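Descriptive structure summary
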Amino acid sequence: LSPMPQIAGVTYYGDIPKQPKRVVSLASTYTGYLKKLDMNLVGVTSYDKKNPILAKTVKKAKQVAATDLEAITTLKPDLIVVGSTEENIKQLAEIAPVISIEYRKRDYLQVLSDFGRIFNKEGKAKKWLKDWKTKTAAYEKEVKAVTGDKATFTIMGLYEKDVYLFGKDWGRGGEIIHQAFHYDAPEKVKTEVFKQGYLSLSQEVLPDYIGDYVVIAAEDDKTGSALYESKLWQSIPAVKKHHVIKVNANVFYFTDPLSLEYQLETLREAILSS
Ligand SMILES: O=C1CCC(=O)N(O)CCCCCNC(=O)CCC(=O)N(O)CCCCCN1
Ligand SMILES: O=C1CCC(=O)N(O)CCCCCNC(=O)CCC(=O)N(O)CCCCCN1
Ligand SMILES: [Fe+3]
């Protein structure tokens, strides 16, 4: 059995195997952490299949939702990984031992070392973390050399007609921009977004939450269109000065090592280019 260490946000159901061989991930937040720890994923989520970075490493995995109990059963998992919002752990636990993670209890870096502790891969985890911290601190200097040290960044995501602001730990590049590069945010973003993590926003207050730079995540090119054509949007200094970094949500939603590596290089190149 796994030693099953007690970790904030981690709940074990059943007897976690010490070396899982057939993992079903039902939480795209964590799939790429498992991948990075060279675990064999035999089921993954829609989001994971849509992630152009991660998808390449899980081609053999079946796409499964939590609602596909029969499909999951057929995969013969020895471990199922879920987010704590999953409402039917009860039936999942009847199929295989389940690990449930409550989002945000541990940070984007701790999550990896935590899995290291659970699954006997603290070596592989600690190597990645050390190199990550090195590379990021270097890149931070490079990017701040261009923008200045006090440049403000806002993280933004578009979905359908919805507009969200994000903080430092709700994906969309906020972990890299706000944590790894230690960029400040506009005042209203800090006081209204950072603690909660995200904020649904009226389009017409947007200028008040954007300073020097803005990172905007979206799943396709069309979703922006009409906002990007608006006078209000076009009146925003950061937009006028081409300080808008448009990124692909299908990878930028996540904070796993694989997604992050790509995000890190993408964001660095974008800022240097400005
Ligand atoms: O649990 C839900 C909604 C359940 C649902 O029906 N989904 O579709 C969510 C799928 C998320 C896709 C991966 N994105 C990230 O990990 C980035 C952060 C984020 O945005 N989250 O949602 C983190 C999950 C926990 C936050 C609370 N919200
Ligand atoms: O909206 C949902 C489910 C989808 C979700 O959460 N995803 O991450 C999926 C991809 C983005 C979908 C567009 N929706 C947003 O961007 C909303 C901000 C967000 O994502 N939260 O997690 C805030 C927490 C609570 C929100 C209520 N639950
Ligand atoms: Fe979300």
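Residues numbered from 1 in each chain as written, not as in the entry; some residues may be left out. Chains lettered and ligands numbered in written order. Heavy atoms only, no water.

Method of determination, as given in the entry header: X-ray crystallography; reported resolution: 2.000 Å.

In the nomenclature of the PDB entry, the chain corresponds to Iron-hydroxamate ABC transporter substrate-binding protein FtsB from the organism Streptococcus pyogenes SSI-1. Its PDB record names the entry "Structure of the siderophore periplasmic binding protein FtsB from Streptococcus pyogenes with Bisucaberin bound". Taken verbatim from the UniProt record of the chain, the Sequence similarities (unreviewed entry) comment is "Belongs to the bacterial solute-binding protein 8 family." The Subcellular location (unreviewed entry) field of the UniProt record for the chain holds the comment "Cell envelope". (UniProt positions renumbered as here; feature names shortened; annotations may be inferred.)

Remarks on the pattern of salt bridges
Applying the stated criterion across every chain yields a total of eight salt bridges. Among the salt bridges present, the one from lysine 50 reaches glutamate 219, with a minimum N-O distance of 3.7 Å. On the criterion of sequence distance, the pair formed by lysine 50 in helix α2 (residues 46–50) and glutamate 219 in the loop between β10 (213–218) and α9 (225–228) is long-range, its members being 169 residues apart. Judged by relative accessible area, which is 47%, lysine 50 ranks as partly exposed. (Salt bridge = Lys/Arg side-chain N within 4 Å of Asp/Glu carboxyl O. Helix = DSSP H or I, 4+ residues; strand = E, 2+ residues; numbered from the N terminus. Buried < 20%, exposed > 50% of the residue type's maximum accessible area, 1.4 Å probe, protein only.)

Comments concerning the side chain of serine 259
Relative to the helices and strands, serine 259 resides in helix α13 (residues 257–273). Of note is the side chain of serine 259, whose polar atom sits 2.6 Å from the side chain of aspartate 256. Other than its neighbours up to four places away in sequence, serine 259 contacts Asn51, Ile53, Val251 and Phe254. (Polar contact = N/O pair within 3.5 Å; in protein donor to acceptor, adjacent residues only side chain to side chain. Contact = heavy atoms within 4.5 Å.)

Concerning unusual backbone geometry
Notably, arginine 104 is not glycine yet its phi reads approximately 85 degrees, a positive angle. Within the secondary structure, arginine 104 is located in the loop between β6 (98–101) and α5 (110–119). Phi angles above zero are rare outside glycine, and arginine 172 is one such case at about 60 degrees. Inspection of the secondary structure puts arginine 172 in the loop between β8 (162–166) and α7 (174–180).

Thoughts on the site of ligand 2
Inspection of the region around ligand 2 gives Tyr47, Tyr159, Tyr164, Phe166, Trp170, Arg172, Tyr198 and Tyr253 as its neighbouring residues. Within the side chain of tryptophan 170, an N or O atom sits 2.9 Å from an oxygen atom of ligand 2. With respect to ligand 2, the side chain of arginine 172 contributes an N or O atom lying 2.9 Å from an oxygen atom. When isolated, ligand 2 has an accessible area of 510 Å², and the protein chains bury 55% of it. Within the shell around ligand 2, the residues separate by chemical class into seven nonpolar, no polar and one charged. (Near = heavy atom within 4 Å. Areas by Shrake-Rupley, 256 points an atom, 1.4 Å probe, with all protein chains shown as cover. Nonpolar A, V, L, I, M, F, W, Y, C, P; charged D, E, K, R; others polar.)

What about the domain arrangement of the chain?
Assigned domains of the chain: these are domain 1 (10–121) and domain 2 (132–273). Taking only C-alpha atoms, the centre of domain 1 and the centre of domain 2 are 28 Å apart. Facing the 18 residues of domain 1 at the interface are 25 residues of domain 2. Counting each side, the surface lost to burial between domain 1 and domain 2 is near 1700 Å², with a carbon and sulfur contribution of 61%. When residues of domain 1 are sorted by the area they lose upon contact with domain 2, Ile53, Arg104 and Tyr108 head the list and together hold 39% of the total. Put simply, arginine 104 and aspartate 169 hold a salt bridge, and the shortest N to O gap is 2.8 Å. At the surface where domain 1 touches domain 2, the tally comes to seven residue pairs in polar contact. Here the side of domain 1 that touches domain 2 takes six residues from helix α1 (residues 28–36), the largest share from any one element. (Domains from an automatic or database assignment. Buried area = accessible area lost by both parts, 1.4 Å probe.)

Topic: the site of ligand 1
Around ligand 1, the surrounding shell consists of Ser28, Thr29, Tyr47, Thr85, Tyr103, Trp170, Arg172, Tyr253 and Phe254. Between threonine 29 and ligand 1, the recorded distance is 2.9 Å, taken from a side-chain N or O atom to an oxygen atom. At 3.4 Å from an oxygen atom of ligand 1 is found a side-chain nitrogen or oxygen belonging to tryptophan 170. Look at ligand 1: alone it shows 550 Å² of surface, and the protein chains cover 59% of it. The residue makeup of the shell around ligand 1, split by class, is five nonpolar, three polar and one charged.

Re the environment of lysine 60
Of note, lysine 60 is situated in the loop between α2 and β4 (62–63). Looking at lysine 60, the relative accessible area reads 87%, which means it is exposed.

Looking at the side chain of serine 25
Mapping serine 25 onto the fold places it in strand β2 (residues 23–25). Judged by its relative accessible area of 0%, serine 25 falls in the buried class. Among all residues touching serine 25, those that are not within four sequence positions of it are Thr31, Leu34, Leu41, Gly43, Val44, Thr45, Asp48 and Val81.

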